[PDB]
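Results of the structural survey
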Amino acid sequence: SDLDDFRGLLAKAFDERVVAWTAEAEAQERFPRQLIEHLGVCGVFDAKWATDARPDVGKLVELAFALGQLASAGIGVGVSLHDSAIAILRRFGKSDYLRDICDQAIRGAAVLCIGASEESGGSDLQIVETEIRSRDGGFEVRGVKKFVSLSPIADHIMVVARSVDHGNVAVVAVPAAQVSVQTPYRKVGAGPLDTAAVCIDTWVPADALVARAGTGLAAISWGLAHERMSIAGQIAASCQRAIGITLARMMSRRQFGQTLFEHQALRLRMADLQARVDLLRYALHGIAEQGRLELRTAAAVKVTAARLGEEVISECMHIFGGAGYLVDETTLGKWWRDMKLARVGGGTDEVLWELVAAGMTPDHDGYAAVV
Amino acid sequence: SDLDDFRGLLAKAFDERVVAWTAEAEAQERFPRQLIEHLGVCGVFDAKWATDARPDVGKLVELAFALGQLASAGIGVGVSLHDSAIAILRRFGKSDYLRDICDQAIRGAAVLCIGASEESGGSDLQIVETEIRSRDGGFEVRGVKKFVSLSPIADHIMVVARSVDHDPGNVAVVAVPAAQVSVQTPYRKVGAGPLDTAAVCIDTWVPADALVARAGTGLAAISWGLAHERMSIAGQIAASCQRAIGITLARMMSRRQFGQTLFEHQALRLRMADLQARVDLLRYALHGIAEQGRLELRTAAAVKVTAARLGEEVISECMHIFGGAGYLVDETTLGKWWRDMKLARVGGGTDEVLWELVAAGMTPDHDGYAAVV
Amino acid sequence: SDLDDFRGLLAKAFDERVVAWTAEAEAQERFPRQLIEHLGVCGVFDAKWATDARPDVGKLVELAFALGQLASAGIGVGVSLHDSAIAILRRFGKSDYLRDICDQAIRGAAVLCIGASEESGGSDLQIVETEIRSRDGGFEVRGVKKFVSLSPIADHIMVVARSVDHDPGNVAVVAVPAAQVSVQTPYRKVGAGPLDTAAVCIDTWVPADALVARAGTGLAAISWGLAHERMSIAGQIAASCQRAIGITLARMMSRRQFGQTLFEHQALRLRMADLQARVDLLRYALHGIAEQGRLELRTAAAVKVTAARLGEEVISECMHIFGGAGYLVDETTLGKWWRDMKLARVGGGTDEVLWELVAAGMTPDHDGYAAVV
Amino acid sequence: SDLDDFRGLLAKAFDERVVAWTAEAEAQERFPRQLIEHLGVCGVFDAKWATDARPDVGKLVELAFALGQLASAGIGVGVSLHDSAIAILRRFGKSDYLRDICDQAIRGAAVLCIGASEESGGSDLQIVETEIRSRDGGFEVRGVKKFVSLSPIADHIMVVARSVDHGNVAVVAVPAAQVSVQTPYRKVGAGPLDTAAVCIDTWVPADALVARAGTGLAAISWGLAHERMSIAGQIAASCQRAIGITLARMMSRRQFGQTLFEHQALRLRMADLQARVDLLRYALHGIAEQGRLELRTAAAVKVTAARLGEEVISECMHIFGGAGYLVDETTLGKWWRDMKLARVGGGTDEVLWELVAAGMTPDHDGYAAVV
């Protein structure tokens, strides 16, 4: 019912101008700041967060489906990253300074982004080279972040740093004016996901400390769990959209006297992918039903969805034949190129499988009964 | 929730004696009739069905997990088949005779089984050779059914038949007592030992009140029972896979090779983490489906084919991690699990038949297609 | 062996300047005509073809590996297409006009391309809309061809056409000069940048001697060229996959994460060992096929679909091991490799069409079946 | 031509009585000793080995196809194991005692078998508990071997042992009369592959030493490479046989108005498996063309074939539907149960992938050109 109202709100906010902003963002290969401002103004982040310090997984999942329906990794990932930075601030931001930047972010007045990954420490955030040092009642933050999505338009960056004065990982919020944003990378896909290296050599007040030394990894893991749940939801919705488009093609394209849908090998392949996509969507509902954000569950669902998504898009692109390979005839290549980011961005398959494995429990009694 | 009370009831009924009966049933390759009687006497079918004509998918799923935890396809499948035949009677059985047979089945006083498959028409139930003909205010029933699981112990068989009085639709479902059928010698099978399956020869007459579903409603009646069955198979797979993963992890954490435990070998660890993530996804999906609170033919078809294919991979990879020991019948039971799981892609609807059901309800997206071209 | 001398010749022709032309072709997204001229001038096509009407599969395969080593679908595919059109002329071109065009193509004086695919009939070449009609001792040729690779630089197009003088078989192959066709603007494609592909509009007349294959022999002529092409695609995939595995292993042995190099992470190591074993198997299979010394339509179909599907997996998994860097176009070329490889399952015959060819020649085993039942 | 004569010889030796011996062996779940004696008497091992100390891979592969055609893992594996023990003796057996037992084995007068695997050290043969000690000009050999195929009928066992007097691994030939063969195991499949534990507590002459301490692993690896090439050949032939039987079923079984072969999803699935089985067979010809037994190539081809074989048999069994699951209606279950041994017996996937990985070479120059 609060969820039915949230869905009603998403249906009002995700209108024809959002679809138009998405299409233009794809053509320009840049994130439209007006989307976050529009979602903020519409009360999307406000209705999602309400007065809770911890996220409502049901609302998180419904927003992920809305983003996924746009079939644009850049747009969807961009919004979800902003929202995941909000999740870090809501749970870990104690100062009035942080609660105010968090409120600005919920309103869509400030764009937030994550500064975790580096050239050396991409998957391993423990080997972070970015340093945080206490000086003049504030902090000195120095380092380079490799992949900072939304950095060309962000107002604040959630920087993962290693404290010189002290595990040892901390999170510090740094304003955009105090960082050097490099030229955005030319990437394989996800055009509107403006990603660039960020060079930091500045000072920040003590109030800008999001998570103190020895708590930074818990804070970034919380945001990454929030992000992983969203990526899984976005994959489920974008895969459903791709299956539906592919089916429309299959029912109109005729070859060897029959439509493609009448060719049983293609029909049953699609039915298998549909069944598996439906399973992922039902699983997300099932996870939301528990009403808690769990790090291992988020890791598990995101890796499974990223690997399924890759397959769905590859097989949809295959069914479009030659036309699928022609950029001015179909957009399948763009979908396929965007989806390839899923297994790497937001945590690699291996890192996520290590997190799942770490919490797996043996059954000694059952093993005793089998031997 | 009434669901927490149902779980509490399942925890009471699925006791150490049930575990022992399962083990004995495996050794004897015979279904233990006492399990259905026990579940009936315990109020399991009664609490699941209550006064509803249509099933509570949450309770259906919880019972499937309890059955799945036993890691025995014969035991789990046999119970689910009895309960799916109850689902057919609850929704389609109109006569006082059928409602009484149905009540007996809920009590565990009568064992029901399904006689759908034939030598010719296995997957295609429209091409059933078994005939039903109106005679003397009743019905003549003649035919042979090939894969009737529980037939050696059943009291009534839900027979799918083609009406000769009607024009081909034609399909009907008729309840036939055990005494009025000839059950053949049970088949030696690849696995699922306690799932007593045999051919059933029928040449009999039954009263009009034995008609479960009249000509042209028979396929809907059997599809309803099969949807109920498919949801249960998926839950049994999710639970049995979880049990196998847990046992395999215990083996991995004790077995040492090349100076490390198997769990310390990253290639085995990540492989198990991927299987775990996928079995978890299936379990969450079953909860997601149950929350919708309705039994849908296509959803049941889609979850059972997915689970069957996943379950085959999980058991094969768990068996592989047991190495040579996995191949020794008196050292480990992994081979039995693996042989049992191979039935999942065929029994209760083949992958292809279930993918055809899924495909039949798939809808094109014209607006999105207009945007891509 | 004449094969060792052919390898020696390939080693001389595939020099640092060829490598540089490849790089420039990638940047410009234009096929370098000079490569075909260079290969012709070097005696590559001449040594491959000698005086044979039918191809030497060993030399075909060796040339495919040389092309594959460049890790560029456009460059490799463009050369192979020119050479496959030579295969059609060598076996089917009877007139002095065709033998001269064929000799020019072996010298690298004339670039040949294939005009088979249409907007309607892409995979099904029996439903070609392009028509051929006898007129004034020659032939009228009218139609549109959709995917003509090399058409912006070709001198002659091998056009698959349907004869209106004959009864539907009907299919013919006719050689049409570049000046007598209208080549459309090349398509922007997902990958294979230097593979200049465009639609070709035809409404012209040609002499009788331009007839490559008369009505009812056209499908055999195009299938012959496609079989030659498919064998080459498989060899190009085997070589390009080996190059990708070698580069990825260098990255794995230098890149450190969680205190170890990537190669020291067992899950990545075994994954690469499995891909290596499978690419090795494909390379050995190509040698095995070449030893048979004959070009077979079904064997070419079976090896190309297998290789295309294997190659997609190899490049996707190599790209994955490059992590974020794999996704950055100015840091690594893995994305280009991956985008190029996606063409393999569609260009030169889709998986489904090739599996239909394989299936058509599959033979049942009656004696074994009698022993199993 | 020597190969054409070898094929001609195989066609004469693999007759109706060999097919009858196979069928009876399956029913009895025991290896028919008369098969090895018959193959010996026919000159099969003699023609294969000639006067060479190193195997002719072409002849090795042709014999593997003959064995594979029988569709019986027990029979085929049994013969190949005998022949692999011959390979160890031919290259490593220096004493007249060993050359004579080797000649007896080629004649089919003596059945040989391998005693490598143990309860603790299955995949890791370096951690072997079986000990070899020099005493009274001979050797004292003490230990237990877990999986010794053909042990109930063998005359000599090639025992992998760790020398107390001394890497440290050795191979020693022990006569059957000097070992305690346990009751054969009840196994998942491969019924006629009589496998049992072997308890050794005996003394042997110095002449019985096949490979001295520090050479035993090279000797067992040579035999295992010979065995792996044969397993790959057997899988290729048995998979071809299964595809052909499955196709006969598909062309006679009618469902939903069409034969199974007319159902495109099943047809294209079979075409894919056929294409892949043909690729494996061509690869074996390609490997034989190099005319050398290579440890890594044998490891690579066997693991690839074992994994393909599992898939082929599982999918053939699926196409037989309910009938496939009925033991008195079809033999698909037996094939499926036999094939499951391929990924474990003769080296596990992981051990074989470690051997392949160990010889993989990086391309530094190409990597320099990509970055």
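Listed as the method for this PDB entry is X-ray crystallography; the listed resolution is 2.30 Å.

The PDB entry annotates chain A as Acyl-[acyl-carrier-protein] dehydrogenase MbtN originating from Mycobacterium tuberculosis. Within the UniProt record for chain A, the comment given under Cofactor is "FAD".

Taking the PDB entry as the reference, chain B is identified by name as Acyl-[acyl-carrier-protein] dehydrogenase MbtN belonging to Mycobacterium tuberculosis. Looking at chain B in UniProt, the text filed under Function is "Catalyzes the dehydrogenation at the alpha-beta position of ACP-bound acyl chains. This results in the introduction of a double bond in the lipidic chain, which is further transferred to the epsilon-amino group of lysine residue in the mycobactin core by MbtK." Of the comments in the UniProt record for chain B, the one headed Cofactor reads "FAD".

Within chain B, the secondary structure is distributed over 14 helices and ten strands. Computed over C-alpha atoms, the radius of gyration of chain B comes to 22 Å, within 12% of the 21 Å expected from 2.2 N^0.38 for 373 residues, which places it in the range of a compact globule.

Moving on, we get to a negative patch on the surface. Taken together, the side chains of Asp 96, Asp 100, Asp 103 and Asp 207 of chain A present a region of like negative charge at the surface. By the secondary structure assignment, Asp 96 of chain A is in helix 7 (residues 96-107).

A separate point is helix 2 (residues 16-28) of chain A. All names here are of chain A. Between its first and last C-alpha atoms helix 2 spans 18 Å; for 13 residues at 1.5 Å apiece the expected length is 18 Å, and the two agree. When we look at burial in helix 2, the residues that qualify are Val 18, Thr 22, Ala 25 and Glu 26. Viewed end-on, helix 2 has its buried residues packed into an arc of 100°, placing them on one side of the element. Exposed side chains of helix 2 directed beyond 90 degrees from the buried face belong to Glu 16 and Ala 27. Along its buried surface, helix 2 packs onto helix 1 (2-13), helix 3 (33-41), helix 6 (73-92) and helix 12 (332-339).

This paragraph deals with the pairing of strand 3 (residues 138-149) of chain C. Moving residue by residue along a regular strand, the side chains alternate between the two faces of the sheet. Residues and elements named next belong to chain C. Two elements, strand 2 (residues 131-135) and strand 3, share five bridges in a ladder whose sense is antiparallel. The partner of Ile 132 across the bridge, within strand 3, is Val 141. The hairpin turn running from strand 2 into strand 3, its antiparallel successor, is two residues long, and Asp 136 in that turn takes a positive phi close to 50°. Relative to strand 7 (residues 197-207), strand 3 runs antiparallel, the two sharing ten bridges. Within the sheet, the bridge partner assigned to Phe 139 lies in strand 7 and is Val 206.

So, about the state of the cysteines. The tally for this structure, following the rule as stated, stands at zero disulfides over all chains. The thiol of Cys 316 of chain A is unpaired, and the distance to the nearest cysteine sulfur, on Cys 239 of chain A, comes to 7.6 Å. Left without a disulfide partner, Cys 42 of chain B is nearest to the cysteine sulfur of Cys 102 of chain B, which lies 19 Å away. Under the relative-accessibility criterion, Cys 42 of chain B is labelled partly exposed at 22%.

Attention shifts here to the interface of chain C and chain A. Taken together, the contact between chain C and chain A spans 46 residues of the former and 47 residues of the latter. When chain C packs against chain A, close to 3900 Å² is buried across both sides, 58% of that on carbon and sulfur atoms. Run the count over chain C and chain A and you get 31 residue pairs in polar contact. Listing elements by their share of the side of chain C that touches chain A, those giving two or more residues are strand 3, strand 9 (256-257), helix 9 (266-292), helix 10 (297-321), helix 11 (323-326), helix 12 (334-341) and helix 13 (351-360) of chain C. Of all the elements, helix 10 of chain C adds the most residues to the side of chain C that touches chain A, at five residues.

The next subject is the interface of chain B and chain A. With 53 residues of chain B in contact, the opposing surface of chain A contributes 53 residues. Where chain B abuts chain A, roughly 4300 Å² becomes buried across the two surfaces, and 70% of that area is made up of carbon and sulfur atoms. Counting every contact that joins chain B to chain A gives four salt bridges. Among the ionic pairs, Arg 241 of chain A bridges to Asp 365 of chain B, the shortest N-O distance being 3.5 Å. One can count nine residue pairs in polar contact joining chain B with chain A. Elements with a contribution of two residues or more to the side of chain B that touches chain A: helix 8 (218-254), helix 9 (266-292), helix 10 (297-321), helix 12 (334-341), helix 13 (351-360) and helix 14 (366-372) of chain B. With 18 residues, helix 9 of chain B is the largest single contributor of residues to the side of chain B that touches chain A.

All names here are of chain B. Partitioning chain B into structural domains gives domain 1 (1-111), domain 2 (112-214) and domain 3 (217-363). Spacing between the C-alpha centres of domain 1 and domain 3 amounts to 21 Å. Counting residues at the interface gives 28 residues for domain 1, matched by 25 residues for domain 3. At the boundary of domain 1 with domain 3, total buried surface from both sides reaches about 2300 Å², with 70% on carbon and sulfur atoms. Of all residues in domain 1, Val 57, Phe 65 and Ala 71 bury the most surface against domain 3, accounting for 23% of the area lost on that side. Between the two partners, domain 1 and domain 3, sit one salt bridge.

Looking now at the pattern of salt bridges. For the structure on display, the rule yields 124 salt bridges over all chains. A salt bridge links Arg 142 of chain B to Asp 203 of chain B; its shortest N-O distance comes to 3.1 Å. The salt bridge involving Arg 135 of chain C is made with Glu 140 of chain C; its shortest N-O contact spans 3.2 Å.

Let us look at the packing of helix 9 (residues 264-289) of chain A against helix 9 (residues 264-289) of chain D. As a packed pair, helix 9 of chain A and helix 9 of chain D sit with axes 7 Å apart at the nearest point and diverge in direction by 90°. By the criterion of interaxial angle, the relationship of helix 9 of chain A to helix 9 of chain D is roughly perpendicular. Where helix 9 of chain A abuts helix 9 of chain D, its residues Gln 264, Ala 265, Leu 266 and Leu 268 of chain A lie against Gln 264, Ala 265, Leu 266 and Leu 268 of chain D. Residues that form the contact of helix 9 of chain A with helix 9 of chain D fall into these classes: six nonpolar, two polar and no charged.

Residue and element names in this part refer to chain A. Mapped onto the elements, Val 204 comes out in strand 7 (residues 195-205). Sequence-wise, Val 204 and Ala 173 are 31 residues apart; in three dimensions their C-alpha atoms are separated by 8.3 Å. Not counting chain neighbours up to four residues away, the residues in contact with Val 204 comprise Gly 138, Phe 139, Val 172, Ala 173, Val 174, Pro 175 and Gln 178.

Conventions we followed
Residues numbered from 1 in each chain as written, not as in the entry; some residues may be left out. Chains lettered and ligands numbered in written order. Heavy atoms only, no water. UniProt positions renumbered as here; feature names shortened; annotations may be inferred. Helix = DSSP H or I, 4+ residues; strand = E, 2+ residues; numbered from the N terminus. Rg over C-alpha atoms; globule rule 2.2 N^0.38 Å. Patch = residues over 30% accessible without salt bridge, like charges linked within 9 Å, V, L, I, M, F, W, Y side chains within 5 Å. Areas by Shrake-Rupley, 256 points an atom, 1.4 Å probe, with all protein chains shown as cover. Salt bridge = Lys/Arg side-chain N within 4 Å of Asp/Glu carboxyl O. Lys, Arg positive; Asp, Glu negative; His and termini not counted. Charge placed at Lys NZ, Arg CZ, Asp CG, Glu CD. Expected span 1.5 Å × (residues − 1). Buried < 20%, exposed > 50% of the residue type's maximum accessible area, 1.4 Å probe, protein only. Arc of directions from axis to C-beta. Contact = heavy atoms within 4.5 Å. Pairing = 2+ DSSP bridges. Disulfide = S-S within 2.5 Å. Buried area = accessible area lost by both parts, 1.4 Å probe. Polar contact = N/O pair within 3.5 Å; in protein donor to acceptor, adjacent residues only side chain to side chain. Domains from an automatic or database assignment. Axes fitted to C-alpha atoms, helices over the stretch in contact; angles between N-to-C directions. Parallel < 35°, antiparallel > 145°, perpendicular 65-115°, else oblique. Nonpolar A, V, L, I, M, F, W, Y, C, P; charged D, E, K, R; others polar.

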